[PDB]
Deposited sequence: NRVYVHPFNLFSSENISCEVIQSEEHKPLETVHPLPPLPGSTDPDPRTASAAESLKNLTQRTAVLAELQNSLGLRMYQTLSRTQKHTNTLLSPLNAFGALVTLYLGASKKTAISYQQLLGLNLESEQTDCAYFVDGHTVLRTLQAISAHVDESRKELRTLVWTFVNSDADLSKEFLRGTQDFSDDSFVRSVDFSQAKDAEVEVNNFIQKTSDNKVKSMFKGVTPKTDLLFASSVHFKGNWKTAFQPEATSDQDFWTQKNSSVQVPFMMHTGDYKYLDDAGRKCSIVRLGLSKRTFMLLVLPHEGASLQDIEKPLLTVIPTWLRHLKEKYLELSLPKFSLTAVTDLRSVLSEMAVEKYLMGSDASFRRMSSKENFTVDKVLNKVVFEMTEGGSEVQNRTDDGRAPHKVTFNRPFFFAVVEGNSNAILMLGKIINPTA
C-alpha cells in the first residue's frame, strides 16, 4: 500500500549525499565514558513531539514486522527442536541505533535490510533517513503498549573500550528508543574478567534471568551492545482458566512432558486453515495486546506450518471468525537471547552490517572501530494461570476442541499499530 516509507523519516528537504566524500565531516564524541566499576545509575535523561505519529507508527510496524518475521524464519530453521523467542521491536531498534554510527556506505546496507532505502540510479550519492525519527517512532509504539512500563519495559546497554570515544549521535540514539539506558567504558585487557563484570552489571541493572549475556569477549573488543524487552501479562485475566491440571505435552512423537495446562470454554476468534494444515487462535493478553497462536494439524510438522509466516499472517487475521471453542493451552513463559550477528550471518547480510565489509567511522574516532556483539534479551512473562475461575456455560452448545499439546508458534502483537513485539515457538513449555 503506502509507497516510499523513506519519506516519513527524512527531512522535507531531501538531498543525495555523497557516499565517499573527499573531505570527512567532524565527528562529535564523548570521552570519558562512565567506568563500569562504580556507576549503576541509569544514564541521565533530558522535547518536540512527532507530527505524523499515527502513520509513522503504522508504517514502521510493517517494516519491523517484515524484518522480524524474516529473522525469526531464519533463526527457527537453525533450531527446529528448541524453544525460540525473538523481538522484532528490539531487533529493529538495535539495528537503527547502530545505523547512527555507520559510515555512509555501510548505512546504505542497513537501510536496504530495513526497507527504508530510496533507490536512486546514481552511484556517488544516496538518501539517508533520520535515525532519531525512526527510533522515536519505535519508542512511541513501545510506550503506547503500557505507559507505566509494567506490561512492557525495555533497556539498552552499551559497553565501550575505555580507550575509545563514542559518538554523541549514537548516545542520543540509545535514548531515542529505550526506557532506560546504560553506556559505560570497560577495559577489556583482562577479557575473561571484563566479561564477568559486564554480565554482572547487566544482572545488577535489570534481572537474573540471563546471567551470562555475553560469551566470548576478547581483549580487542571495541563495543558490546545489548538490549532487553520484557513483556509481562497475567494468565488468570487473559485466559480466565476454568480448569487447570498437569497434562501431556508432546515435545516429540514419543516424548511426553507433564506440564500445567489451562482450559476455557468460550467464543474465540479462530480459523482452521485446512489447506495449510493449521489452526489459528486469537487470544487477548492485555488492553493493548493480543496473542496469535498457530497449531499444526495432528500429523503435520511445525516447521512446515511456519513456512508461509512471512506473508500469510494478514490473510489469517483477515479470515479469523468467532467459534465456540474448548481451548486447552499450556501455561508458559519464555526467555531467550537473540544473537543478532549470528542471525544476520545466517541471512548472509552480516558481512555488510557488522563484519569484514562494515565501517563504523561515525561511531568513534578510534581507527578500525568494530561492533563486536549485538544481543536482544527477550522475556515473555505471564503470571498465574494455575488457579481456577468460574464458568459461563452456554450449555446448549457443544464446543470445538482445540488443544495445544504439540509444538506451536505464537506471536504477541500490540493492537494500536499492529506491531509484533515478540514471536517464537514452544517445543517444551517447561524446558
* Structure fact -> Compared with the full deposited sequence, the modelled chain skips 1-2, 49-51
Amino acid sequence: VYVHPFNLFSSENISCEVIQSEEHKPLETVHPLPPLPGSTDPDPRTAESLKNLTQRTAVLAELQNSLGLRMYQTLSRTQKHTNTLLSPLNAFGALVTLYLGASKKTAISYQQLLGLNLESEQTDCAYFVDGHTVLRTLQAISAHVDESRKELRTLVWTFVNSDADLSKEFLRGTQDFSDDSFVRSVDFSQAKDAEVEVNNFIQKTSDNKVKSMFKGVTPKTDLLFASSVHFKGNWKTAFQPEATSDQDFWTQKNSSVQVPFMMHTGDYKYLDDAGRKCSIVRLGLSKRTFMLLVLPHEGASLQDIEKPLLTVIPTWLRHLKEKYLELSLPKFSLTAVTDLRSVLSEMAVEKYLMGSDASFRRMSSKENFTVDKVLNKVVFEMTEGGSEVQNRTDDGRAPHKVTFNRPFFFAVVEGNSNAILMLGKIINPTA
From here on, numbers count along this sequence of modelled residues.
* Residue stretch of maximal mean CA temperature factor, 91-99 vs 139-147 -> 139-147
* Structure fact -> Assert higher mean C-alpha B factor (261-269 or 226-234, deposited values) equals 261-269
* Per the entry, which of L295, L166, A348, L325 tops the list for Cα B factor? -> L325
* Structure fact -> From the entry's CA B-factor values, the highest among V281, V217, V343, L353 is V217
* To do: Determine, from the deposited record, the chain-internal third of the Cα B-factor for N161: lowest, middle or highest.
  => middle
* Structure fact -> Chain-relative C-alpha B factor for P26 (record values, thirds): the middle
* Structure fact -> Assert third(CA B-factor, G275) within chain per record equals middle
* Taking the entry's C-alpha B-factors for this chain, is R70 in the lowest, middle or highest third? -> lowest
* **Third of the chain, ranked by Cα B-factor, where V1 sits** => highest
